[PDB]
Structure formats: structure tokens, C-alpha cells
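Heads up: the sequence lines are chains D, H and R, in that order.
Quick note on the working numbering: the first sequence kicks off at 1 and runs consecutively.
Quick note on the working numbering: the second sequence kicks off at 1 and runs consecutively.
Quick note on the working numbering: the third sequence kicks off at 1 and runs consecutively.
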Amino acid sequence: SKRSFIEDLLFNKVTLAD
Amino acid sequence: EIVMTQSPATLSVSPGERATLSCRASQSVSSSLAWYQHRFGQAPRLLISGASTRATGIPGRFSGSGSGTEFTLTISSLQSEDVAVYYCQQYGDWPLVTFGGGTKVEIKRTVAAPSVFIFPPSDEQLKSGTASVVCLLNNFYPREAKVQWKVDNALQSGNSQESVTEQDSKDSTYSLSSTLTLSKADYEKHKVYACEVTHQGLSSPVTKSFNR
Amino acid sequence: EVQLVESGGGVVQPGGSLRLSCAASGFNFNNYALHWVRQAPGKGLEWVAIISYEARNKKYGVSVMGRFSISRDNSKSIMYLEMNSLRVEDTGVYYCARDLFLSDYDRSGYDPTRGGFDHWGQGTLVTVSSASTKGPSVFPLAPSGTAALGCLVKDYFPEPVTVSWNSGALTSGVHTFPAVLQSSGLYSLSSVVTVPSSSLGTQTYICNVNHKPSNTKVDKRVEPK
Numbered sequence: 001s002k003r004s005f006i007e008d009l010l011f012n013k014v015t016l017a018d
Numbered sequence: 001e002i003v004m005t006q007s008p009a010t011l012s013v014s015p016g017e018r019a020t021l022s023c024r025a026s027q028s029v030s031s032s033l034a035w036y037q038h039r040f041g042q043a044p045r046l047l048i049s050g051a052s053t054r055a056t057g058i059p060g061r062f063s064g065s066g067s068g069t070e071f072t073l074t075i076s077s078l079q080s081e082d083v084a085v086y087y088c089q090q091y092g093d094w095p096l097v098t099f100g101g102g103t104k105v106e107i108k109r110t111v112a113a114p115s116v117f118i119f120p121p122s123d124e125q126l127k128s129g130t131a132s133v134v135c136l137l138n139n140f141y142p143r144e145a146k147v148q149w150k151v152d153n154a155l156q157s158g159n160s161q162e163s164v165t166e167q168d169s170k171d172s173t174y175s176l177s178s179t180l181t182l183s184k185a186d187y188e189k190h191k192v193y194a195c196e197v198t199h200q201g202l203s204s205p206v207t208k209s210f211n212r
Numbered sequence: 001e002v003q004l005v006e007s008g009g010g011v012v013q014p015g016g017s018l019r020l021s022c023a024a025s026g027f028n029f030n031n032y033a034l035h036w037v038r039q040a041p042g043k044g045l046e047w048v049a050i051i052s053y054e055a056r057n058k059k060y061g062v063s064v065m066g067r068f069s070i071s072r073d074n075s076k077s078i079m080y081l082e083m084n085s086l087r088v089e090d091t092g093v094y095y096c097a098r099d100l101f102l103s104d105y106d107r108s109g110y111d112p113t114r115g116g117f118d119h120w121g122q123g124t125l126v127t128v129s130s131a132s133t134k135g136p137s138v139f140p141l142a143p144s145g146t147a148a149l150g151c152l153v154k155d156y157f158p159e160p161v162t163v164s165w166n167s168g169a170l171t172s173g174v175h176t177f178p179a180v181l182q183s184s185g186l187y188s189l190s191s192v193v194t195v196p197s198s199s200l201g202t203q204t205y206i207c208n209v210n211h212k213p214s215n216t217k218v219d220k221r222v223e224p225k
């Protein structure tokens, strides 16, 4: 769920910080 | 997106010596990098992830290092069971993971020139309307060899195929077979069939031939 | 103990469809992204597709996008790859693989250094071709202090054939070459053995060829002409 949120970000090339 | 480039394409290492494989990422992957061993006829096997963490059951003679865009896999005390294609794989861009093109690791041995044999088509095959002429290059090292077919001194182009064995684990050599494909009719119109072999262990090309 | 067993490979005509299966056991299937990876003859591993642990996200290699469809049954622990509009260049061995990325999330959170495909299926052979099943013709490669002889296993479809010599009693000196795909769309393979020339009058040499897809077994005795 948090895992799914993170994965949605990565599948969409969102830049994570640090 | 991220292109992985491995070098060298083929790595030749003496038994018991150390193999160093290189991998370059086209942009930083931090240390999100894995290495795989792919033995002929088996499924790929994970060796390293996180650039340097050995996977479970992987012996300590395998190790990796690097971060950013340059990586190395080191294989100490190379054994014939290590002969394989090795791939790196980035997952810095996960889920868009990408593989390197692979590095072949082979055992280095003394140069051995091929023993060359030529085989006319069989009587049995001729009845069928096709003729296959076979050239065998046996137990040579290293793998690089060139075969030219000549039919009545005419250099053949486009009508042959070859394939090469895996490195023999006992004597560390390769063998190669080239097949020239002709119609029975054309086979019967010509006399001299010759296979000419070039290899670095031969001071000059070797030719085997037969008259039909 | 972790196991991935693939099935569903076979021959299909260009433009046809094929469904591959990856049956998993020995781990919590629902905790892992899984991928398909393939290898075409003479080429390196090529990534095909990924599916996330809860099946919500999917991506495809550019070569297969719009034709392949990946899915998973998170109650029987099976992944599927549906392949439509198949092309000759889709021919190859197809592997499923378990991805470690984010699989430890509940215990250790987001660590993008953890990853890698730590377990792979055995691979299933996919042959895309308009050829029809056919058993090989076996022709002798007659010998002319070391002599070489063999057999030419010509014009079979699909892979694989097996070759032994003297029913498996003769292995020293044997080289069985990788098959080649001929312009006819049929495969060809040679197997050879080197022997002392003395044995040519003394010792019998027979190659045993077996082509399962056509239920063909041939034994060809090879002797000097």
C-alpha cells in the first residue's frame, strides 16, 4: 500500500529525494 | 533508457587465475547492479546484487565492486565450470531493468591449430536431389577461424553455414563444422571441392579437397 | 525449495498466439514482482515484461509492446505471458524470474540497492515458424593415425534432435554441433567423432538419432566407402 504507492511512483519515472 | 555496456566481449583466463569483467552504465545506477552467470544449457544464475553482495550459496571467489556507472565482477581461481556468459543488469531505473550484452568467459590454453577434414556428400543423399559438403575443423584454440569454400577454384559465397561447439571442458578446445549446400545438378557439374581454413595457429591456410 | 516451472512453449505459425505459464512454489508468490526474459538464438538475454506483486503495474519491452500481455493469478501462484501476433524473431527460450526489488519492504522499507532476479525458471522453447513437423534424414559422413567420421542430421523441424554414438558407449572424441536453421525453414545438425584410423576396419560405429516431435528414431552405421 505504501509499497504500491512507491511502485506507482517508480513505474512513472517520479524522482525520489536523496 | 539506461544502456549497459560490458567488456571485453570474450575473456580468456588461465585455469586458477583471476577473471576481471567490466560493466558500464550510460548514467548513474548508484549500486543497483546485479551480475548473472549463464552456463550453456542452463537457466541464468544470480551471482551478485547491490553491486557487491554475494547471493546465497555463491562462493567467495566471486566478488563485485563499483558504484555510479563503472562496475567490476572478479572471479578468482577460475575453474572450467565457470565457463559461461556473464551479464550485468541495472535496476537503478527499476522497473525498467536492462541487461548488458554479455561477456563470454573461456579457459585460456596453448594455441592449437585445427585438424581439418572434408566429407563429400553421401551416395544416399544424392538420390534425394540435394548435396551437402561438410568441412570439419577439429580441436582448435582459440575459437576464431575462417573457412572458405572453393568449387573448381571458384570462391563460394552465401551457400554455406557453420556452427561451433562449446569449449571442451577437458582439453579447452573448440570444433567447427561448415556445410556447403548445392543442388545435385550443380554438384555433378563440378570436379574439385575444397575447404580452405585460416587460423592463427597455422602459418598459412590449410586446404582439404576432393575430386567428385 | 523456491521453484519456478514454465510450460506452454511450442510451435506456432507467424501471426499466431501462445500462452506461457510460470507455476511457482516454495515462497509467498504474492510478495514478488515477476518478469519474463528471453534469449533468441545467438543473442543475449532480452527483458520482455514485468508485473508488480499485486498485478497493478505492468511494463513491456519495446519489441513486444502491444502484442504481449502479462498477468498473474495471486491465488494459485501462477504467472502468464499471453503472446499475440507472433513473429519469427520472437523465437527463443523464455524464462520467468523472481525479482527481489522491494520484496523486503514490510521488514526493511524502501532500499533501492536490494534487487536482482534471484530465481529463474528452466526456460521454455518458443518456435515461431510456418514449417511443419518433419523428422530428419540421417546421412553418413564417411571417413576418408586419427580418422574422423560422423552423421549429417538434415531437414528436421522443430528442435531438438539428440544424437549418441554406439548407443552411448562412445563419448570420447564426439562433437555434436549446434543445429543451424536452413533457408528452407528446416534445421540441420552434424555430429562427428575422431577415432584411430586402425579401428576403421575393426570397430563398428553407429550414430543414434532421435527426434521426439516426429517420433523418429534412426540408427545410421558409418563405414568407409
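The C-beta atom is built at its ideal place from N, Cα and C for all residues, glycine as well.
- Burial of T98/H is indicated by the presence of at least 16 other C-beta atoms within 10 angstroms of its C-beta.
- In chain H, no part has a C-beta under 8 Å from the C-beta of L9/D; the shortest such distance is about 11 Å.
- For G201/R, the uninterrupted alpha helix (DSSP H) segment begins and ends at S199 to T202.
- Sequence-distant Cβ neighbours of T207/H in its own chain, meaning closer than 6 Å and more than five residues away, are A194 and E196.
- Counting only residues of its own chain and dropping the five nearest sequence neighbours on each side, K59/R has a CB closer than 6 Å to the CB of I50.
- Within the region 83 to 107 of chain R, those residues whose Cβ lies closer than 7 Å to any Cβ of chain D are, in chain order, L102 and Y105.
- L81/R does not reach chain H, its nearest Cβ partner there being about 16 Å away, counting only Cβ pairs nearer than 8 Å.
- In the same chain as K220/R, and ignoring 5 residues on each side of it, the C-beta atoms closer than 8 Å to its own belong to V138, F139, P140, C151, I206, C207 and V209, in chain order.
- Contact annotation: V2/R and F27/R have beta-carbon atoms nearer than 8 Å.
- Proximity of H211/R to chain H, defined by a Cβ-Cβ separation below 8 Å, is not satisfied.
- Using a Cβ-Cβ cut-off of 7 Å, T162/R is close to nothing in chain H; its nearest Cβ partner there is about 13 Å away.
- The beta-carbon separation of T179/H and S132/H, rounded to 5 Å, stays under the 8 Å limit for a contact.
- Distance from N57/R to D8/D at the Cβ level is roughly 7 Å; contact confirmed, criterion being Cβ atoms closer than 8 Å.
- For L9/D, the enclosing alpha helix (DSSP H) covers residues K2 to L10.
- Looking at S115/H, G92/H and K108/H, the one whose alpha-carbon comes closest to that of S30/H is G92/H.
- Rounded to whole angstroms, the gap between the alpha carbons of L126/H and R212/H is 12 Å.
- Residues of the region 43 to 64 of chain R that bring their beta carbon within less than 8 Å of a beta carbon in chain D comprise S52, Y53, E54, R56, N57 and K59, in sequence order.
- The secondary-structure analysis by DSSP pairs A154/H across a beta bridge with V151/H.
- Beta-carbon to beta-carbon, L189/R and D155/R are separated by about 10 Å, too far to satisfy the 8 Å threshold.
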